[PDB]
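Engineer: Opening with a subset of the complex:
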Amino acid sequence: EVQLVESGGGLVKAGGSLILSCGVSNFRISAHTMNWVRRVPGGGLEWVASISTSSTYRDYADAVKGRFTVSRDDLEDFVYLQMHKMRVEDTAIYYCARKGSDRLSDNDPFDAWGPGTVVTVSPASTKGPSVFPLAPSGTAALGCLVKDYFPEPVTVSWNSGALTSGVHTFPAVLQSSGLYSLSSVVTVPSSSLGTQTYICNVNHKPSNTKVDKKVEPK
Amino acid sequence: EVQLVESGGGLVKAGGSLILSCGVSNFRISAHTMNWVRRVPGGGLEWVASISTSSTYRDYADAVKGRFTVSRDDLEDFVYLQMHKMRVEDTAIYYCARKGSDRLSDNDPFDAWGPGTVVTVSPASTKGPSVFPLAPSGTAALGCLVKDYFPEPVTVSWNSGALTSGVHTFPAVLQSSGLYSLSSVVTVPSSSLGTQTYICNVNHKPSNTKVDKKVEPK
């Protein structure tokens, strides 16, 4: 028996990027042309890429040609597949199989395969923010809490740029959900809380989302 | 300018695996020793891997030695870093750095750096499920419902193996949360809904989180 061991596969977002790799055991890849194959949710096998012995010639299936790059390491026995700007239909199990035979030739089938690794390309390429008020309970503090937006960045202004003094817009934090969240605050005179209107202008160019939120006492 | 661009960042789980890569422009990599570096939580740097010209030598810091693997592929100008068995202290920005000078020598600093890509290792190495009843409305169907776990499997049985006819447990689905869900069901005589107490004895075997739930009419 001989073995191949795919790694790196998981959840992805459309127009995002991932890299797969395949290790091996009981054999050396330095003799073999190495191939990537996938099984789509529709159940059919698609060939994806190959790279020759001696790393000479690299070839691709026409759905991934130009978008993907195949790579190899003949010494530690690893193969790689960069997947730049993935499509929703790049969702598949991705297998790494060796072109091979007991005696090798200038043309053979795939005589050993690894168990395959799942890749899912979720269709949400950009997510637009939610915006929530940070309500002011001398000097008072108020703000806006931008949340659940992808990718960065978000820009925030206050009163269309007329209110700049005392404003702090914080660096975003990356949540364990894979989505970003930032807060923008401003300190102002407590006396102005009844008359002055405070509006934070949240712009998210990647989703083409604009939100104007008025922040007022509860 | 010299151009470097990392790819393959994002979220990972403790005990999990990832692969980084970096590609370049305005230079060919083959004349350079190439490196990986990270910025750990204290704002300090750590060096992570170095691969020499012609892949002659590969050296690593003790924290990542035997866990990680660097590789390079000069004929397309790419460098790779596998990260098997990631741990929470590997949470950092990662960068692909060129060892170099205006005139290259036998030992040099790191001159050209890519903009970096973030890697986060979340401590959720075995996230335990949430388990919920599917309540019966001549033949009735009942069941149990598993959500939000990693890794697989979640295992299910009916009344500790006393019930087996008409039992089905479905293949898991990968949610947009990056966590699994499934359901288990059984069909039984409607007359027995009053007398027989159906229960599902479950386990998330990775975390060894043993759960039970009685299923009865609502």
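Structural biologist: All right, it came through fine. Residues are numbered from 1 along each chain as shown, chains lettered A, B, ... in the order given.
Engineer: quick one: contacts for the residue lying farthest from the centre of chain A?
Structural biologist: In chain A, residue A:191 marks the outermost C-alpha relative to the chain mean, sitting 46.5 Å out by C-alpha atoms, centre = their mean. Going by C-beta atoms under 8 Å, 6 or more residues apart in numbering or on different chains, residue A:191 touches no other residue. For every residue, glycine as well, the C-beta is placed using N, CA and C.
Engineer: Need the three-state assignment for it.
Structural biologist: Following DSSP: H, G, I helix; E, B strand; the rest coil, we place residue A:191 in the helix state.
Engineer: Residue numbers of chain A in contact with chain B?
Structural biologist: A:7-8, A:10-11, A:17-21, A:55, A:58, A:69, A:71-73, A:75-76, A:78, A:80, A:82, A:84, A:118, A:120, A:122, A:124, A:174, A:176-178 (C-beta under 8 Å from any C-beta of the partner chain).
Engineer: Can you flag which of the residues you listed belong to strands?
Structural biologist: Counting by DSSP state E, the residues of chain A next to chain B place A:7, A:11, A:18-21, A:58, A:69, A:71-73, A:78, A:80, A:82, A:118, A:120, A:122, A:174 in strands.
Engineer: Would you mind giving the domain segments of chain A?
Structural biologist: Per curated CATH domains, the structural domains of chain A span A:3-122, A:130-215.
Engineer: so what's the residue nearest to residue A:59 when sequence neighbours are not counted up against?
Structural biologist: In space, residue A:59 comes closest to residue A:50 once its chain neighbours are excluded; the distance is 5.3 Å by C-beta to C-beta, 6 or more residues apart in numbering or on different chains. Neighbour list for residue A:50: A:33, A:34, A:35, A:36, A:58, A:59, A:70, A:99 [criterion: C-beta under 8 Å, 6+ apart].
Engineer: returning to that earlier point: ok, of the ones in strands among the residues of chain A next to chain B, which come out buried?
Structural biologist: Among these, the ones that count as buried by 16 or more other C-beta atoms under 10 Å in any protein chain shown are A:7, A:11, A:18-21, A:58, A:69, A:71-73, A:78, A:80, A:82, A:120, A:122.
Engineer: Which pair of the residues you listed spans the longest distance?
Structural biologist: Spatially, the most separated pair among those is A:73 and A:122, at 30.1 Å (C-beta to C-beta).
Engineer: one more chain, chain C:
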Amino acid sequence: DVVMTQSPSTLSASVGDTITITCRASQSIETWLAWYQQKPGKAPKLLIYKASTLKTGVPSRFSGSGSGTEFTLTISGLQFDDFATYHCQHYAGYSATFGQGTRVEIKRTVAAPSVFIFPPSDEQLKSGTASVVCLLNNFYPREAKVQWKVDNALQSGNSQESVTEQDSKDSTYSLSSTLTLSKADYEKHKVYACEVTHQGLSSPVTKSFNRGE
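Structural biologist: Chain C added:
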């Protein structure tokens, strides 16, 4: 460039049946075909490494043929082991292409789905998530369609389906579909229904419930 025209897309049979399958190349190749088995979610296994040319260690029940354009695979009395997918491959020096695999399956008469709908448990709902489950308990063949309607509004994009493979005692398929909604959105509407069509049904089947009733 070559495309493979494999036929049928699904073959129905039973233990001891001799079966034949056929891959037809869209333009001629020099007998460069090979054939694989694939069990669900597994790696494929190579059976035949050139047309009619069985790989060593493969069970003697397997066979095939090739004519430079038309090709076959044949199995000499199926075992319970053989009820998996089969794929043809055309392999060139630095590329390959495969047929849309012939799924081999255990045959029976058509059987319509018993449909059941389950509301979310109160215990799930208090946590803030509502998972509504639709169960097609047993049917044959595999191909079925389920759609969700909330307040008679056809839903789109908020459900995940999985099918169990053939049952060990009756060889039927089964499907479950999970409609996912936050507690907020779920309490916004009353009726939650699933509508099913299948080979055995003369009209669509709908199961529904009213939230809170």
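Engineer: What about the contacts of residue A:50 again, now that chain C is present?
Structural biologist: Residue A:50 sits in contact with A:33, A:34, A:35, A:36, A:58, A:59, A:70, A:99, C:94, C:95, C:96, where contact means C-beta under 8 Å, 6+ apart.
Engineer: ok, the second one - how many residues close by?
Structural biologist: By the criterion of other C-beta atoms under 10 Å in any protein chain shown, residue A:34 has 28 neighbours.
Engineer: beta partners of it?
Structural biologist: On the basis of DSSP bridges, residue A:34 is bridged to residue A:51, residue A:98.
Engineer: distance of it from residue A:50?
Structural biologist: Separation of residue A:34 from residue A:50 (C-beta to C-beta, to the nearest Å): 7 Å.
Engineer: Give me the common contacts of these two.
Structural biologist: residue A:99.
Engineer: how about the residues of chain C that lie near chain B?
Structural biologist: So chain C meets chain B at C:114, C:116-121, C:123-124, C:127, C:129, C:131, C:133, C:135, C:137, C:160-164, C:167, C:174, C:176, C:178, C:180 (C-beta under 8 Å from any C-beta).
Engineer: Generate a ChimeraX selection restricted to the buried subset of those.
Structural biologist: Selection of buried members from the residues of chain C next to chain B for ChimeraX, criterion 16+ other C-beta under 10 Å:
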select /C:114,116,117,118,119,120,121,124,129,131,133,135,137,160,161,162,163,164,174,176,178,180
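Engineer: Now intersect the residues of chain C next to chain B with the helices, please.
Structural biologist: C:123, C:124 (DSSP state H).
Engineer: quick one: which of the contacts of residue A:50 is nearest chain B?
Structural biologist: residue A:58 (7.6 Å; C-beta to the nearest C-beta).
Engineer: Where does the spatially most central residue of chain C sit: helix, strand or coil?
Structural biologist: The residue lying closest to the centre of chain C (C-alpha atoms, centre = their mean) is residue C:142, at 6.2 Å. Here residue C:142 takes the coil state, with states given by three-state DSSP.
Engineer: Please give me every residue in contact with it.
Structural biologist: C:10, C:105, C:163, C:173.
Engineer: switch the cut-off to 7 Å
Structural biologist: C:163, C:173 (C-beta atoms under 7 Å, 6 or more residues apart in numbering or on different chains).
Engineer: and residue 44, how many residues sit next to it?
Structural biologist: By default, I'm working from chain A. Neighbour number of residue A:44 under other C-beta under 10 Å is 17.
Engineer: hm, I was asking about chain C
Structural biologist: Other residues near residue C:44 come to 25 when the count uses other C-beta under 10 Å.
Engineer: include chain D as well:
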Amino acid sequence: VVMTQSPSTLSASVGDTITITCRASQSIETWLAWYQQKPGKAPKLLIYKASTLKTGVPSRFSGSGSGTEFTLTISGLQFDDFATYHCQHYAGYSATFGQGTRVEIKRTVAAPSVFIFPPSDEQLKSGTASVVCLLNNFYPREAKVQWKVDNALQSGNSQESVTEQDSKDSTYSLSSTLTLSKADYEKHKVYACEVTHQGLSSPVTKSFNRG
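Structural biologist: Putting chain D onto the chains we already have gives this:
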């Protein structure tokens, strides 16, 4: 090889001449380099071979030392020079780094003004509660925020973010967000934020009662 760098934070005025020291656990000859790093940016090389200034690096940066003691001197701090800095031992096919030094603008100690914000009704109706504690205009940068719900120390359910030094008053500000589902937030009443900081003689707590 192991390295140490001191001080971990260096506070100075514009125009000052400052020194940052690196000490190696064993002799590394002159095989050491220095790097400037801005927030959110990859490090830029300043000096190598201990003293060799990189082509295009301003002359105000210099380095000296051999064996186990190395120094980076910035002679006349400009606003661009207030950054992270790191000593780096380099060898034919490897490297290692010290812990780094952060250079900041010095000002008097300023205690944070603390504010706590409960979740908005809108967000709360969606099923998620994000309270936000704000530490406004403090100096130096080290501050600690602890969340307590019904006097229960929270852990693992909050994230923090800190601004860079304010261009006008040289202070920092910090926001901490404690995130909880609607199911978990309605369980407990009081939500507090305990702040400690060099400018506070005792910790400051801001709190609210749910509802």
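Engineer: What about the contacts of residue A:50 again, now that chain D is present?
Structural biologist: Contacts of residue A:50 (C-beta under 7 Å, 6+ apart): A:33, A:34, A:35, A:59, A:70, C:94, C:95.
Engineer: would you list those residues in a markdown table and tack on distance to chain D?
Structural biologist: Listed next are those as a markdown table, based on distance: C-beta to the nearest C-beta, whole Å:
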| residue | distance to chain D |
| --- | --- |
| A:33 | 31 |
| A:34 | 28 |
| A:35 | 33 |
| A:59 | 34 |
| A:70 | 27 |
| C:94 | 34 |
| C:95 | 38 |
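Engineer: Need the max-distance pair from those residues.
Structural biologist: A:34 and C:95 (12.9 Å).
Engineer: what separates the residue in chain C that chain D sits nearest to from residue B:172, distance-wise?
Structural biologist: Chain C approaches chain D most closely through residue C:128 (4.0 Å), counting by C-beta to the nearest C-beta. Noted for residue C:128: a distance of 22 Å to residue B:172, by C-beta to C-beta.
Engineer: Also residue A:34?
Structural biologist: According to C-beta to C-beta, residue A:34 and residue B:172 sit 30 Å apart.
Engineer: what do you get for residue A:71?
Structural biologist: With C-beta to C-beta as the criterion, residue A:71 and residue B:172 are 32 Å apart.
Engineer: re earlier: if I pick the residue of chain C closest to chain D, what's in contact with it?
Structural biologist: By C-beta under 7 Å, 6+ apart, the contact list for residue C:128 reads C:182, C:183, D:127, D:181, D:182, D:183.
Engineer: ok, 10 Å please
Structural biologist: If you count contacts by C-beta atoms under 10 Å, 6 or more residues apart in numbering or on different chains, residue C:128 has them with C:182, C:183, C:184, C:186, D:126, D:127, D:128, D:181, D:182, D:183, D:184.
Engineer: Let me see the backbone angles for residue A:123.
Structural biologist: Residue A:123 adopts backbone torsions of phi -80, psi -10, taken as degrees, to the nearest 10.
Engineer: That one: what's it in contact with?
Structural biologist: Contacts of residue A:123 by C-beta under 10 Å, 6+ apart are A:13, A:14, A:15, A:87, A:88, A:91, B:176, C:157.
Engineer: can we see that at 7 Å?
Structural biologist: A:14, A:88.
Engineer: what's the answer for residue C:15, then?
Structural biologist: Counted by C-beta under 7 Å, 6+ apart, residue C:15 has contacts C:78, C:79, C:80.
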